[PDB]
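S.K.: chains from the complex, first installment, not repositioned:
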Amino acid sequence: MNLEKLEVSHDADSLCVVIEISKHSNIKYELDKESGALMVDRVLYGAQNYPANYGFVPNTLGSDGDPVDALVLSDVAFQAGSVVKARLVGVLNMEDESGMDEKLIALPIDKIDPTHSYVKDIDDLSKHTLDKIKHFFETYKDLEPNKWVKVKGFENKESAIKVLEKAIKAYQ
Amino acid sequence: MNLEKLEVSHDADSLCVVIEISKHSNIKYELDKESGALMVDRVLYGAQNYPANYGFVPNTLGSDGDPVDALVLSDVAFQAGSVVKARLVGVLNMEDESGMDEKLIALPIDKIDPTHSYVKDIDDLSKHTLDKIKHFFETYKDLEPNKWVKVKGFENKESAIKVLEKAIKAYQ
């Protein structure tokens, strides 16, 4: 694709998110800005698999040299490489070997899939949900040499929203 | 099915193993001796999935009130409920909330699938392989309340063989 010519939406409730990892995939792909090609970045060393679609937000820069990463919780898996509009429902803050790499939590626009419209904010997520996600991120790199992750916890939409604009200006 | 009328093989290189979990399945089934029906025992609380087919050996009793559990490493997934002939290549010893529940390591008879005939003993497994399996077992129950697991390590076929007979007499 061509991120350059892609209408980007930065509305908390209409967020343009490029997917890189489809839910349940243990293969971590990674789009390369120039080619626009998916780069197989790494296979999960352990017997695990992403708890939800994972991607990143176009035209944003956060404390990690890369745009702010994001999750789009849903019952389906969006083909790695596809694009989807989501809404910020919260965010999972954590630090790892590089430093602070927060992870915005989100769902697709109801227009796309109203299955979980009711989840208006982070507290609207089952406990189990939050646990599996947290535990995942704090264990999906145990077997990776020279690589760790310390998961702080989740936060509400407002916080996320903040994290958002924060990285947005940090972009240009 | 009817475990009662099933020819059981206890030859280390011809071991009759009833499967209960097909590779990659995050659903832990569990056959009930009387009904002969698969009982959904539990779904992985975490974003994980078995690293290889898991089942148990017929007519054997080990330190856990259940027949000795077993893994049948293979590139394919055997339909939960099916039966397969394997051969002991080792065993992963560990203890959990209940106590000592060793897990035999095995592959299907070459006649069935010669893909990995060359793996004559535990040392013939890729490091990664052993790591993924070990790590799995020592984290697949983190989120389960009142439930832990301490994985000791692996052992050679000989050790396994022992564990086997040990539980075999312990049966009748």
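M.R.: Thanks, I have it. Numbers count the residues shown, from 1 in each chain, chains lettered A, B, ... in the order given.
S.K.: can you spell out which helices and strands pack onto the top strand by length along chain A?
M.R.: Taking DSSP state E as the criterion, chain A has its longest strand at strand A:83-96. Here strand A:83-96 touches strand A:14-21, strand A:69-72, strand A:103-108, helix A:127-137, strand A:149-155, helix A:157-169, going by 3 or more CB pairs under 8 Å, 6 or more residues apart in numbering or on different chains; DSSP states H and E. Placement of C-beta: from N, CA and C, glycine included.
S.K.: and of these, who's closest to chain B?
M.R.: helix A:127-137 (4.4 Å; CB to the nearest CB).
S.K.: close to chain B, is that closest one?
M.R.: Yes: on the criterion CB under 8 Å from any CB of the partner chain, helix A:127-137 is in touch with chain B at A:128, A:131-133, A:135-136.
S.K.: next one: phi and psi at the nearest residue to residue A:52 once chain neighbours are set aside?
M.R.: Closest residue in space to residue A:52, ignoring its immediate chain neighbours: residue A:73 at 4.5 Å, by CB to CB, 6 or more residues apart in numbering or on different chains. Per-residue torsions, residue A:73: phi -60, psi 130 (degrees, to the nearest 10).
S.K.: could you report the separation of residue A:73 from chain B?
M.R.: Distance, residue A:73 to chain B, by CB to the nearest CB, to the nearest Å: 12 Å.
S.K.: and that residue, how many neighbours?
M.R.: 20 (other CB atoms under 10 Å in any protein chain shown).
S.K.: which of the residues in stretch A:28-41 are classified as buried?
M.R.: A:28-29, A:31, A:38 (16 or more other CB atoms under 10 Å in any protein chain shown).
S.K.: quick one: terminal-to-terminal distance for it?
M.R.: This stretch, stretch A:28-41, spans 6 Å end to end (CA to CA, to the nearest Å).
S.K.: try stretch A:149-163
M.R.: Stretch A:149-163: ends 19 Å apart by CA to CA.
S.K.: identify the residues contacting that stretch?
M.R.: A:12, A:62, A:68, A:88-97, A:102, A:104-105, A:120-123, A:130, A:134, A:137-138, A:140-141 (CB atoms under 8 Å, 6 or more residues apart in numbering or on different chains).
S.K.: surely residue A:146 and residue A:97 touch.
M.R.: Yes: with contacts counted by CB atoms under 8 Å, residue A:146 reaches residue A:97, the gap being 6.9 Å.
S.K.: now do the contacts for the residue nearest to residue A:52.
M.R.: Per CB under 8 Å, 6+ apart, neighbours of residue A:73: A:52-53, A:89, A:105-107, A:116, A:125, A:129.
S.K.: chain C should go on the structure too:
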Amino acid sequence: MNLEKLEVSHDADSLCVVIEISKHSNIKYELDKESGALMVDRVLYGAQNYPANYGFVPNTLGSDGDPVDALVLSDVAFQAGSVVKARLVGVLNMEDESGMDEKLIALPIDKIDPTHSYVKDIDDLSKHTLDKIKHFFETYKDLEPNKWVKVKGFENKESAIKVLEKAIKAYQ
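M.R.: Alright, chain C goes in next:
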């Protein structure tokens, strides 16, 4: 002594390690660069004692503001303050209240003590050996207020080697 005028060896199989804690000692000494004097850093609050000689590598800087710490497994205890040539056989990765402080695993040069020449790499260590050390590190600070330790696990020589050079350049 005078670390400044000490021939340092950074060959994985000829590593110059300054000892600070002799095996079995519950007294954690700590050399001070300027004075070159052993500083009693702290006495084990618990009823324990180091599983092997503990020291550090001269002229190296790791993620802890201090040179990469190291262990020199042997049957004898080297006088705290002495220097010894070891060889990297692995490394124990872990994180604590400060962050990531890996611990190189090593033995003295066979020329010095050929007792355990055969241990060419981490896997050549008795399970028990690895357990006592791991457990030790993950419990030797329970009683210490505002201080914790999360032991990840061990790794092979190669990994260690890497960890080494990594901190070596990080030095100058």
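S.K.: let's see the contacts of stretch A:149-163 again after adding chain C.
M.R.: Outside stretch A:149-163, the residues touching it (CB under 8 Å, 6+ apart) are A:12, A:62, A:68, A:88-97, A:102, A:104-105, A:120-123, A:130, A:134, A:137-138, A:140-141, C:95.
S.K.: now, of the residues you listed, which are buried?
M.R.: A:12, A:62, A:68, A:88-97, A:102, A:104-105, A:122, A:130, A:134, A:137-138, A:140-141, C:95.
S.K.: which positions in chain A make contact with chain B?
M.R.: Checking chain A against chain B by CB under 8 Å from any CB, the hits are A:45-51, A:128, A:131-133, A:135-136, A:139, A:142-143.
S.K.: in ChimeraX, select just the buried ones from these.
M.R.: A single ChimeraX command selects the buried members of the residues of chain A next to chain B (16+ other CB under 10 Å):
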select /A:45,46,47,48,49,50,51,131,132,133,135,136,139,142,143
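S.K.: helix or strand for the residue of chain A found nearest chain C, which one?
M.R.: Using CB to the nearest CB, residue A:145 is the residue of chain A that sits closest to chain C, at 5.0 Å. Here residue A:145, judged by DSSP states H and E, is contained in no helix and no strand.
S.K.: and it, how far from residue A:45?
M.R.: As judged by CB to CB, to the nearest Å, residue A:145 and residue A:45 stand 9 Å apart.
S.K.: likewise for residue A:75?
M.R.: From residue A:75 to residue A:45 the distance is 27 Å (CB to CB).
S.K.: follow-up on the earlier one: okay, angle between the longest strand of chain A and strand A:14-21 too, please.
M.R.: Here the directions of strand A:83-96 and strand A:14-21 differ by 70 degrees (axes from the mean of the first three to the mean of the last three CA atoms, to 10 degrees).
S.K.: how far does strand A:83-96 sit from its chain's centre?
M.R.: 5 Å (CA atoms, centre = their mean, to the nearest Å).
S.K.: quick check: angle from that strand to helix A:157-169?
M.R.: Using the same axes, to 10 degrees, the direction of strand A:83-96 lies 100 degrees away from that of helix A:157-169.
S.K.: now do stretch A:118-135: distance from first to last residue.
M.R.: Stretch A:118-135 end-to-end distance (CA to CA) = 24 Å.
S.K.: what's in contact with that stretch?
M.R.: With CB under 8 Å, 6+ apart, stretch A:118-135 has contacts from A:51-52, A:71, A:73, A:89-92, A:105, A:107, A:151, A:153-157, B:45-47, B:142-143.
S.K.: what about the residue nearest to residue A:21 when sequence neighbours are not counted, neighbour count?
M.R.: Using CB to CB, 6+ apart and skipping residues adjacent in sequence, the residue nearest residue A:21 is residue A:54, 4.0 Å away. As a burial measure, residue A:54 scores 21 neighbours (other CB under 10 Å).
S.K.: following sequence is chain D, place it on the structure:
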Amino acid sequence: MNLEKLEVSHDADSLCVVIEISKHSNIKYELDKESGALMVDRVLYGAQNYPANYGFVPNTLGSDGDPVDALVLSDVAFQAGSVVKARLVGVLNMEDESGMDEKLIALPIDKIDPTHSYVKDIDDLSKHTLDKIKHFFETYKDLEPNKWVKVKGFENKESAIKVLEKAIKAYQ
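M.R.: One more piece, chain D, placed on the ones above:
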């Protein structure tokens, strides 16, 4: 020796205690009633060592099928096998894998060693003292398969005294 022909003292302030583990020893010996020979019972799996002399009281039966165990806090280590007169200053209650195995807390008769005469009752023990002992018991068997310990806490002399007579009648 011959426990049978040994004048036993059951006075709280003149208690006959047979030692089986000298302070700092990581070797847990265990006298056999008939032979009267020290039986090496087990070596500490971890990098620890007893915080004080450990023994048991002759001709007493507690809830563990064995005479009530006891500690004899002192600055020295009494040769495993030796006998010593102590006085009850308290007791450390706890339960483990078998059940309830309380541990009397005591010191030798001042006549023998007046170093700590002032410690008339449990409260007279430094905090650190009590912590190290408690911690010890609740971690000296972590690495032991199928074996745990839950340490409740300590109690005053009166309590201990009770525990004593209780197991004393429970003897004959």
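S.K.: the neighbour count of residue A:54 again, this time with chain D added?
M.R.: 21.
S.K.: let me know the secondary structure of it.
M.R.: strand (DSSP: H, G, I helix; E, B strand; the rest coil).
S.K.: ok, is the longest strand of chain A in contact with chain C or not?
M.R.: No: counting by CB under 8 Å from any CB, chain C has no neighbours in strand A:83-96; the shortest distance is 9.3 Å.
S.K.: so that strand versus strand A:149-155, what angle?
M.R.: Going by the same axes, to 10 degrees, strand A:83-96 makes 120 degrees with strand A:149-155.
S.K.: let me see the contact set for the closest residue to residue A:168 other than its chain neighbours.
M.R.: Nearest residue to residue A:168, sequence neighbours excluded (CB to CB, 6+ apart): residue A:60, at 5.4 Å. Contact analysis of residue A:60 by CB under 8 Å, 6+ apart lists A:10, A:67-68, A:164, A:167-168, A:170-171.
S.K.: if we go to 7 Å?
M.R.: For residue A:60, the contact set (CB atoms under 7 Å, 6 or more residues apart in numbering or on different chains) comprises A:67-68, A:167-168, A:171.
S.K.: can you pick the most crowded of the residues you listed?
M.R.: Among the contacts of residue A:60, the one with the most neighbours (other CB under 10 Å) is residue A:68, at 27 neighbours.
S.K.: in this structure that one contacts residue A:57, no?
M.R.: Yes: between residue A:68 and residue A:57 there is a contact under CB atoms under 7 Å: 5.1 Å.
S.K.: so who does the spatially most central residue of chain A touch?
M.R.: Closest residue to the average C-alpha location of chain A: residue A:70 at 1.6 Å, with CA atoms, centre = their mean. Contacts for residue A:70 (CB under 7 Å, 6+ apart) come out as A:17, A:55-57, A:103-104, A:106.
S.K.: now residue A:115
M.R.: Residue A:115 touches residue A:75, counting by CB under 7 Å, 6+ apart.
S.K.: what distance do you get for the closest residue to chain D within chain A to residue C:152?
M.R.: Going by CB to the nearest CB, chain D is nearest to residue A:142 of chain A, at 20.6 Å. With distances taken as CB to CB, residue A:142 is found 7 Å from residue C:152.
S.K.: how about residue A:52?
M.R.: Distance from residue A:52 to residue C:152, by CB to CB: 26 Å.
S.K.: residue A:97 too?
M.R.: Using CB to CB, residue A:97 is found at 12 Å from residue C:152.
S.K.: same thing with residue A:161?
M.R.: Residue A:161 is 35 Å from residue C:152, by CB to CB.
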